[PDB]
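Novice: One structure, as structure tokens, below. Some questions next.
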Amino acid sequence: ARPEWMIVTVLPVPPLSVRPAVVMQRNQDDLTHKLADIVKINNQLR
Amino acid sequence: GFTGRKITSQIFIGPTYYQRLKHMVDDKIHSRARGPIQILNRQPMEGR
RNA sequence: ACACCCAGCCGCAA
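So the sequence lines, in the order shown, correspond to chains A and B. Per the UniProt record's numbering: the first sequence = residues 243 to 267, 271 to 291. The numbering of the second sequence is the UniProt record's numbering, which starts it at 1157 and goes up by one.
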């Protein structure tokens, strides 16, 4: 664990197992929505 | 009832009000054996 | 070879 690793610079994306997507008999988990939002803002800042 | 012999003591008899309750064993009974499995935890699910 | 997604809220049992 290094001081430079103290700061997050590459945000890991958990697999779909951690954020399962279930259809109503394609709903997305809250974490999936938040990660969609953060990638959207990352593209905007880019 | 079984023997027919008088009971040595003397029992307290008489009518009174009793109520059946909503709780029924046929509803509370439950068992599980490798049944359906939760999507997230990959573990057994909630409720009978 | 089964079919029903989850969060919240509430009542209630020991």
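Just so you know, even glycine gets a beta-carbon here, dropped at the ideal spot from N, CA and C.
Is the Cβ-Cβ distance between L1196(B) and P262(A) less than 8 angstroms?
Specialist: For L1196(B) and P262(A), yes; Cβs fall inside 8 angstroms.
Novice: With DSSP collapsed to three states, give me the class of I1169(B).
Specialist: In this structure, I1169(B) counts as coil in the three-state DSSP scheme.
Novice: I'd like the list of long-range same chain contacts for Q1194(B), defined as Cβ closer than 6 angstroms, with 5 residues on each side in sequence excluded.
Specialist: So the list reads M1201, once near-sequence residues are dropped.
Novice: What did DSSP end up calling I286(A) once you bin it into helix, strand or coil?
Specialist: It is helical.
Novice: Taking the Cβ atom as the reference point for each residue, do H1186(B) and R1204(B) lie within a distance shorter than 8 angstroms?
Specialist: Contact flag set, yes.
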